[PDB]
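K.L.:
I'd like to ask you about the structure that follows.
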Amino acid sequence: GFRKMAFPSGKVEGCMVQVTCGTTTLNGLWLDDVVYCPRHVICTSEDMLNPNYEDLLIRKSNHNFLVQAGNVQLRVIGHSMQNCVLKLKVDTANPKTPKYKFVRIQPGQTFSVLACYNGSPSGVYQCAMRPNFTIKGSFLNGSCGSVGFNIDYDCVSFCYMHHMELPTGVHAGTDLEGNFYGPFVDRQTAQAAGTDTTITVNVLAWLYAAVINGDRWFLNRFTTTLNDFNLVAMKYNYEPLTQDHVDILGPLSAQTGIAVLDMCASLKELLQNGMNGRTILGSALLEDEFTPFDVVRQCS
Amino acid sequence: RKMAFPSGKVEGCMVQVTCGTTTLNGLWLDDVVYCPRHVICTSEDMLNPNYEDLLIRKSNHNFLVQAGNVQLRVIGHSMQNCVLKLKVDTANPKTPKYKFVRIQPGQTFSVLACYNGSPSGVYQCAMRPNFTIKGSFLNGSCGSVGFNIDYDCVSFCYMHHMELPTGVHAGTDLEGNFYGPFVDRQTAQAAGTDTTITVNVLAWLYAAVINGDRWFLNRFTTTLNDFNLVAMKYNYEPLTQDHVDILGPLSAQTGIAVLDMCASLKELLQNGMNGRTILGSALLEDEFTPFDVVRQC
Ligand SMILES: *[C@H](O)[C@H](C[C@@H]1CCNC1=O)NC(=O)[C@H](CC(C)C)NC(=O)OC[C@]12C[C@H]3C[C@H](C[C@H](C3)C1)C2
Ligand SMILES: *[C@H](O)[C@H](C[C@@H]1CCNC1=O)NC(=O)[C@H](CC(C)C)NC(=O)OC[C@]12C[C@H]3C[C@H](C[C@H](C3)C1)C2
């Protein structure tokens with residue numbers, strides 16, 4: 001009945017290593033003969049306010065990096081920096097390398113996080129990228145380099161690497177090319193995320209899920225244009241819909257026979273009038289962290 | 001965050017088991033595959049089975065076990081309560097250190113939901129006081145297992161067998177004994193009245209505080225017995241002194257005494273949340289144990 005369901009993590013567990021500079025240890029991702037990790041592994045507690053990463057890296061050699069899979073050292077044979085990620089070339093190809101891709105996700109998309117410490121997995125959980133490019137994770141000291149991913153058939157799509165916490169308790173990070181999601185930088189400074197908003201496309205997915213399960217009191221007789229809906233949505237701190245959102249609701253629209261813009265008109269009415277005491281899927285609150293793909297998985 | 005254990009050690013044990021047109025999942029440990037015995041039923045048999053009768057009519061060769069694209073040869077079979085044990089001629093090199101445990105109501109575990117021998121998703125479950133689990137399971141999910149991991153050791157505690165009309169789920173331990181008053185027959189079965197896992201609600205209120213949510217705290221206090229009277233009135237489980245002790249570390253971390261947090265929960269039960277939320281929830285959450293909360297700090 002709609003659990004937060006993560007992808008099986010084994011294919012990613014088989015790629016996790018630890019990377020140490022000095023006493024600073026974080027996690028890395030070992031794929032083929034390259035290890036990827038956050039570049040702030042090279043910082044000391046004095047570099048961290050505004051590190052000159054290019055200068056810090058010049059002062060490093062291959063022999064300054066301790067890369068371990070469990071207790072077994074992996075020899076580093078080259079090093080480079082790509083945006084905010086370090087790439088360490090190693091002399092061994094990971095025999096557990098899955099089929100994989102590096103992908104950049106959009107806000108509202110969900111993914112699984114394998115939270116790791118010292119290269120060892122602790123737990124797996126499902127996260128949504130918020131519209132302000134933060135995630136509500138569970139991350140302690142030593143969790144950096146933990147990754148987020150989706151799995152399609154045989155293929156692991158890596159989409160997130162963890163780098164930092166914001167003063168509000170939420171989390172920020174990069175894709176596997178080292179480019180931050182959102183307007184954040186890897187400096188130990190207080191950084192503010194944009195005001196967050198509700199993930200409209202996911203709320204619509206949730207409403208389709210309710211219909212699929214026979215809970216449909218909120219369907220009305222009307223429709224809306226996408227532009228009219230977007231202008232109303234923003235007044236309720238809901239994200240505007242994109243053309244890609246309309247398209248990814250296609251399968252659920254087809255399964256239910258309810259056109260996307262008709263469901264938008266139903267959601268608009270819910271926003272303007274409230275639930276009037278009623279519930280949807282046994283909840284007085286609308287859920288915004290299940291995507292249309294996440295619904296289709298658990299329903300059908 | 002509801003957090004499951006990493007599922008890799010279990011993924012390496014999942015296989016597909018087929019008898020006739022009935023297919024489900026099995027757990028391959030060393031040279032034995034464990035699976036629900038109703039794999040031997042036709043969909044018709046499932047409506048009311050005599051399992052010993054059905055099993056005597058089966059040979060080793062009626063069981064098709066597949067590990068990916070690779071068929072494993074069954075060389076023996078036996079039934080233990082509601083689980084079938086299929087001896088195969090190949091040992092699983094991916095077998096982790098493991099044990100079989102029977103969990104108590106209120107304890108939590110991770111489920112690796114599987115279809116056709118292939119893992120699909122992982123999530124965290126509590127054994128309800130009425131011995132159901134609020135799972136997410138579809139056709140073909142039987143033989144999926146629940147587990148906890150301690151160090152390198154996988155403790156298997158649940159194997160999935162059925163759904164109830166209310167949409168909750170029922171199954172067995174790895175010795176084949178059901179949790180609760182349920183039977184592996186395709187008939188509508190109701191559970192006993194469920195209750196809320198009080199020690200877990202308290203653990204989660206402490207998690208709300210640790211993450212800076214304190215609107216529900218108060219200065220009232222209570223004795224253990226007076227709290228338990230109110231708890232029971234609201235269909236909450238009694239809190240034992242062992243529960244109070246288990247909460248100690250969380251009490252120390254936050255500096256809120258257990259019975260003080262009991263007084264906050266009493267006020268929530270009597271007054272409600274007044275449209276407010278705790279850790280984003282409009283309802284009190286009871287599927288995090290104290291240990292779950294600590295581990296995640
Ligand atoms: C890498 O393991 C950690 C992950 C952090 C630790 C706790 N939760 C996390 O998500 N990353 C960092 O420690 C990171 C390092 C820099 C990018 C070089 N720094 C960081 O996350 O800063 C957090 C704070 C939050 C507020 C108080 C204080 C000063 C700033 C505001 C930044 C730390
Ligand atoms: C094994 O894969 C399935 C898992 C079930 C299917 C759907 N969701 C599940 O969790 N197990 C069975 O199909 C099981 C077989 C018996 C143990 C022999 N039968 C079952 O779960 O029946 C569920 C229903 C629920 C209501 C409608 C209908 C009649 C009864 C009430 C029992 C099926």
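Each chain in the structure tokens gets a letter, A, B, ..., in the order shown, and its residues are numbered from 1; ligands are numbered from 1 in order too.
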Would you kindly report the residues of chain A within 6 Å of chain B, using only C-alpha atoms, as a ChimeraX atom specification?
P.N.:
/A:1,5-10,123-125
K.L.:
Would you mind exporting the chosen residues as a PDB file, in the first residue's frame, restricted to C-alpha atoms?
P.N.:
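Dumped to result07.pdb:
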ATOM      1  CA  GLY A   1       0.000   0.000   0.000  1.00  0.00           C
ATOM      2  CA  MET A   5      10.785   1.192  -1.673  1.00  0.00           C
ATOM      3  CA  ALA A   6      14.462   1.378  -2.535  1.00  0.00           C
ATOM      4  CA  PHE A   7      16.184  -0.510  -5.334  1.00  0.00           C
ATOM      5  CA  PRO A   8      18.143  -3.607  -4.297  1.00  0.00           C
ATOM      6  CA  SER A   9      21.548  -2.249  -3.398  1.00  0.00           C
ATOM      7  CA  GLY A  10      23.850  -5.209  -4.086  1.00  0.00           C
ATOM      8  CA  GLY A 123      21.523   1.267   4.927  1.00  0.00           C
ATOM      9  CA  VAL A 124      19.513   2.003   1.828  1.00  0.00           C
ATOM     10  CA  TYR A 125      16.627   4.420   1.468  1.00  0.00           C
TER      11      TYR A 125
END
K.L.:
Mind dumping a table of every chain B residue within 6 Å of ligand 2, with the nearest atom pair and its distance in Å to one decimal, using only C-alpha atoms and all ligand atoms, sorted by chain and rising number, as a Markdown table?
P.N.:
| residue | atom | partner | partner_atom_place_in_ligand_line | distance |
| --- | --- | --- | --- | --- |
| B:24 | CA | ligand 2 | 2 (O) | 5.8 |
| B:38 | CA | ligand 2 | 18 (C) | 5.5 |
| B:46 | CA | ligand 2 | 18 (C) | 4.2 |
| B:137 | CA | ligand 2 | 10 (O) | 4.7 |
| B:138 | CA | ligand 2 | 8 (N) | 4.1 |
| B:139 | CA | ligand 2 | 6 (C) | 4.0 |
| B:140 | CA | ligand 2 | 2 (O) | 3.6 |
| B:141 | CA | ligand 2 | 2 (O) | 4.1 |
| B:142 | CA | ligand 2 | 2 (O) | 3.6 |
| B:161 | CA | ligand 2 | 11 (N) | 5.0 |
| B:162 | CA | ligand 2 | 21 (O) | 3.4 |
| B:163 | CA | ligand 2 | 21 (O) | 4.0 |
| B:164 | CA | ligand 2 | 25 (C) | 4.8 |
| B:165 | CA | ligand 2 | 26 (C) | 4.4 |
| B:169 | CA | ligand 2 | 10 (O) | 5.9 |
| B:184 | CA | ligand 2 | 17 (C) | 3.7 |
| B:185 | CA | ligand 2 | 18 (C) | 4.1 |
| B:186 | CA | ligand 2 | 16 (C) | 4.4 |
| B:187 | CA | ligand 2 | 30 (C) | 4.3 |
| B:188 | CA | ligand 2 | 31 (C) | 3.8 |
K.L.:
Pull N, CA and C atoms from the residues just selected and write them as a PDB file, in the first residue's frame.
P.N.:
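Result went into again23.pdb, see below:
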ATOM      1  N   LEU B  24       7.409 -19.209  -7.799  1.00  0.00           N
ATOM      2  CA  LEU B  24       7.662 -18.253  -6.731  1.00  0.00           C
ATOM      3  C   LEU B  24       9.166 -18.220  -6.497  1.00  0.00           C
ATOM      4  N   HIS B  38       3.425 -23.987  -0.800  1.00  0.00           N
ATOM      5  CA  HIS B  38       2.311 -23.914  -1.741  1.00  0.00           C
ATOM      6  C   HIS B  38       2.770 -23.791  -3.188  1.00  0.00           C
ATOM      7  N   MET B  46      -4.800 -24.506  -4.249  1.00  0.00           N
ATOM      8  CA  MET B  46      -4.607 -23.455  -3.254  1.00  0.00           C
ATOM      9  C   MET B  46      -5.884 -23.156  -2.486  1.00  0.00           C
ATOM     10  N   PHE B 137       3.516  -6.366  -1.616  1.00  0.00           N
ATOM     11  CA  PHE B 137       3.718  -7.661  -2.231  1.00  0.00           C
ATOM     12  C   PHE B 137       2.625  -7.897  -3.259  1.00  0.00           C
ATOM     13  N   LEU B 138       3.018  -8.374  -4.431  1.00  0.00           N
ATOM     14  CA  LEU B 138       2.098  -8.687  -5.530  1.00  0.00           C
ATOM     15  C   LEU B 138       2.140 -10.180  -5.876  1.00  0.00           C
ATOM     16  N   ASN B 139       1.347 -10.582  -6.870  1.00  0.00           N
ATOM     17  CA  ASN B 139       1.440 -11.933  -7.391  1.00  0.00           C
ATOM     18  C   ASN B 139       2.891 -12.275  -7.715  1.00  0.00           C
ATOM     19  N   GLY B 140       3.321 -13.454  -7.295  1.00  0.00           N
ATOM     20  CA  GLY B 140       4.663 -13.909  -7.570  1.00  0.00           C
ATOM     21  C   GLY B 140       5.699 -13.559  -6.524  1.00  0.00           C
ATOM     22  N   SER B 141       5.328 -12.836  -5.472  1.00  0.00           N
ATOM     23  CA  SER B 141       6.275 -12.380  -4.465  1.00  0.00           C
ATOM     24  C   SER B 141       6.560 -13.401  -3.390  1.00  0.00           C
ATOM     25  N   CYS B 142       5.806 -14.489  -3.330  1.00  0.00           N
ATOM     26  CA  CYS B 142       6.026 -15.457  -2.264  1.00  0.00           C
ATOM     27  C   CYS B 142       7.437 -16.013  -2.309  1.00  0.00           C
ATOM     28  N   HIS B 161       4.136 -15.447   2.370  1.00  0.00           N
ATOM     29  CA  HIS B 161       3.150 -16.418   1.867  1.00  0.00           C
ATOM     30  C   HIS B 161       1.821 -15.860   1.370  1.00  0.00           C
ATOM     31  N   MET B 162       1.264 -14.808   1.961  1.00  0.00           N
ATOM     32  CA  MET B 162      -0.103 -14.485   1.578  1.00  0.00           C
ATOM     33  C   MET B 162      -0.502 -13.058   1.898  1.00  0.00           C
ATOM     34  N   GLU B 163      -1.633 -12.692   1.327  1.00  0.00           N
ATOM     35  CA  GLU B 163      -2.260 -11.410   1.557  1.00  0.00           C
ATOM     36  C   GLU B 163      -3.618 -11.629   2.222  1.00  0.00           C
ATOM     37  N   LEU B 164      -4.003 -10.699   3.068  1.00  0.00           N
ATOM     38  CA  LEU B 164      -5.322 -10.712   3.695  1.00  0.00           C
ATOM     39  C   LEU B 164      -6.261  -9.736   2.985  1.00  0.00           C
ATOM     40  N   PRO B 165      -7.573  -9.877   3.176  1.00  0.00           N
ATOM     41  CA  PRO B 165      -8.513  -8.962   2.502  1.00  0.00           C
ATOM     42  C   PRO B 165      -8.298  -7.487   2.819  1.00  0.00           C
ATOM     43  N   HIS B 169      -0.293  -8.408   5.069  1.00  0.00           N
ATOM     44  CA  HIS B 169       0.370  -9.625   4.633  1.00  0.00           C
ATOM     45  C   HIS B 169       0.705 -10.519   5.808  1.00  0.00           C
ATOM     46  N   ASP B 184      -1.813 -21.277   5.283  1.00  0.00           N
ATOM     47  CA  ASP B 184      -1.517 -21.185   3.852  1.00  0.00           C
ATOM     48  C   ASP B 184      -2.588 -21.928   3.047  1.00  0.00           C
ATOM     49  N   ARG B 185      -3.762 -21.295   3.015  1.00  0.00           N
ATOM     50  CA  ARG B 185      -4.915 -21.700   2.216  1.00  0.00           C
ATOM     51  C   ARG B 185      -5.451 -20.426   1.577  1.00  0.00           C
ATOM     52  N   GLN B 186      -5.905 -20.501   0.321  1.00  0.00           N
ATOM     53  CA  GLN B 186      -6.416 -19.308  -0.353  1.00  0.00           C
ATOM     54  C   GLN B 186      -7.863 -19.085   0.080  1.00  0.00           C
ATOM     55  N   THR B 187      -7.988 -18.529   1.277  1.00  0.00           N
ATOM     56  CA  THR B 187      -9.267 -18.169   1.876  1.00  0.00           C
ATOM     57  C   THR B 187      -9.107 -16.826   2.556  1.00  0.00           C
ATOM     58  N   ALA B 188     -10.218 -16.113   2.697  1.00  0.00           N
ATOM     59  CA  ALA B 188     -10.205 -14.818   3.353  1.00  0.00           C
ATOM     60  C   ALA B 188      -9.984 -15.015   4.841  1.00  0.00           C
TER      61      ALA B 188
END
K.L.:
Interatomic distance between atom CA of residue 146 of chain A and atom CA of residue 93 of chain B?
P.N.:
27.5 Å
K.L.:
Per DSSP on the backbone, filter segment 33-121 of chain B down to the residues in strand (DSSP E or B) and report them as a count of residues only.
P.N.:
40
K.L.:
List the spatial neighbours of residue 28 of chain B as a list in words - criterion: any atom at most 9 Å away, only C-alpha atoms, same-chain residues fewer than 5 positions off excluded.
P.N.:
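The filter keeps residues 12, 13, 14, 15, 33, 34, 67, 91, 92 and 95 of chain B.
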K.L.:
Write a file of the just-selected residues containing N, CA, C and O atoms, as a short mmCIF file (atom, residue, chain, number, x, y, z; two decimals), in the first residue's frame.
P.N.:
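Okay, again-v5.cif is ready:
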data_model
loop_
_atom_site.label_atom_id
_atom_site.label_comp_id
_atom_site.auth_asym_id
_atom_site.auth_seq_id
_atom_site.Cartn_x
_atom_site.Cartn_y
_atom_site.Cartn_z
N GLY B 12 22.15 -12.41 -3.48
CA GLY B 12 22.97 -13.52 -3.95
C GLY B 12 22.43 -14.89 -3.59
O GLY B 12 23.00 -15.90 -4.02
N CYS B 13 21.34 -14.95 -2.85
CA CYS B 13 20.68 -16.19 -2.49
C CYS B 13 19.35 -16.40 -3.18
O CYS B 13 18.76 -17.46 -3.02
N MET B 14 18.85 -15.44 -3.95
CA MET B 14 17.49 -15.59 -4.47
C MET B 14 17.49 -16.41 -5.74
O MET B 14 18.30 -16.18 -6.65
N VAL B 15 16.56 -17.38 -5.82
CA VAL B 15 16.36 -18.20 -7.00
C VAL B 15 14.87 -18.28 -7.32
O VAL B 15 14.02 -17.86 -6.53
N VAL B 33 17.56 -25.11 -1.01
CA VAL B 33 16.67 -24.02 -1.40
C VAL B 33 15.43 -24.10 -0.53
O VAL B 33 14.73 -25.12 -0.52
N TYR B 34 15.12 -23.01 0.17
CA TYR B 34 13.93 -22.89 1.02
C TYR B 34 12.87 -22.08 0.28
O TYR B 34 13.18 -21.02 -0.28
N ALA B 67 18.74 -20.39 -11.07
CA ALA B 67 19.58 -19.31 -10.58
C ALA B 67 19.99 -18.54 -11.83
O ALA B 67 20.87 -18.99 -12.57
N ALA B 91 26.41 -26.10 -4.31
CA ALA B 91 26.38 -25.18 -3.19
C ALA B 91 26.48 -23.75 -3.69
O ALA B 91 27.16 -23.46 -4.68
N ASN B 92 25.78 -22.84 -2.99
CA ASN B 92 25.86 -21.41 -3.30
C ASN B 92 27.09 -20.73 -2.71
O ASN B 92 27.20 -20.54 -1.49
N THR B 95 26.57 -17.73 -0.35
CA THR B 95 25.91 -17.89 0.94
C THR B 95 26.60 -17.03 1.98
O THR B 95 27.81 -17.19 2.19
#
